[PDB]
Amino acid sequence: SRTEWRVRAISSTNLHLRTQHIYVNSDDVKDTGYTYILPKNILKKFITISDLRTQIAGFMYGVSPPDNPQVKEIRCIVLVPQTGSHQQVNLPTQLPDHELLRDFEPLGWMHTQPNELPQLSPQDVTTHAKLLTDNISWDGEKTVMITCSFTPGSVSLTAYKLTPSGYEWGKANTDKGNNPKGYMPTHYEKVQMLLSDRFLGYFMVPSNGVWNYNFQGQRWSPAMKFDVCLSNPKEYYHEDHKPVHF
């Protein structure tokens, strides 16, 4: 329905309201490790281009502040060609590559999620374990996952790191659902994160100007190759994201 598309596009412009009420779960995090600082400007933009029901994601890149070795500031988010569901996001096996990105530190990924969950999803752990094993540039000691859970009238953020055992389990997991065998809360660990407007972050999207393939699944595949470039991200229901035909 072309009319439905226009209606959803309209209601989605109210997503920015949720970024007025942001929550960050820093509850009982170990005092050992890194603290992640996410810029408010990119978190808000990330929410405005997202969707309440279908998850989207982006890879995070950042730097190490000269005077605090235990702090990692996220300065760039890269949106890759993708598709997703209420339970997970589907990303190409090929990591983004660009001269501008090679001098940053890969810090993991972030993604939206329909509802707040009592535990990190088994899917997230599996997706993260895959990203680690395949990419030598991904340091398990610094890469993390930030979940942006939509809660009534707001968004709730949490950052996690995989545990050595979680990495092992994730690398072997074979059932995408919500209760895989052997899944324990001891497979992941919460990490400290801050939402700050002290500095700005930037976005990089596919060079063909299309990151959202949720209405063009036939043009998406895990093996697809792509390039990226600096740019302001297009919303979920942007003109260029609609299906080749309704």
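Numbers for residues come from their place in the sequence shown, where the first is 1.
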Of the two stretches 185 to 193 and 26 to 34, which shows the higher Cα B-factor on average in the entry?
26 to 34
Using the B-factors recorded in the PDB entry, average over the C-alpha atoms of 8 to 16 and of 224 to 232, then report which stretch comes out higher.
224 to 232
Identity of residue with top Cα B-factor, from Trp169, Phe150, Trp138, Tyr160
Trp169
Selection by C-alpha B-factor (highest) of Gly177, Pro39, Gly58, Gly62:
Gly177
Split into thirds by Cα B-factor across the chain's modelled residues, where does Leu95 land: lowest, middle or highest?
middle
According to the PDB entry, is the CA B factor of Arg219 in the bottom, middle or top third of its chain, that is, lowest, middle or highest?
highest
Where does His128 sit by CA temperature factor within its chain: lowest, middle or highest third?
middle
Modelled-residue ranking by C-alpha temperature factor, third containing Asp103:
middle
Grab the CA temperature factor for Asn208 from the record and place it in the lowest, middle or highest third of its chain.
highest
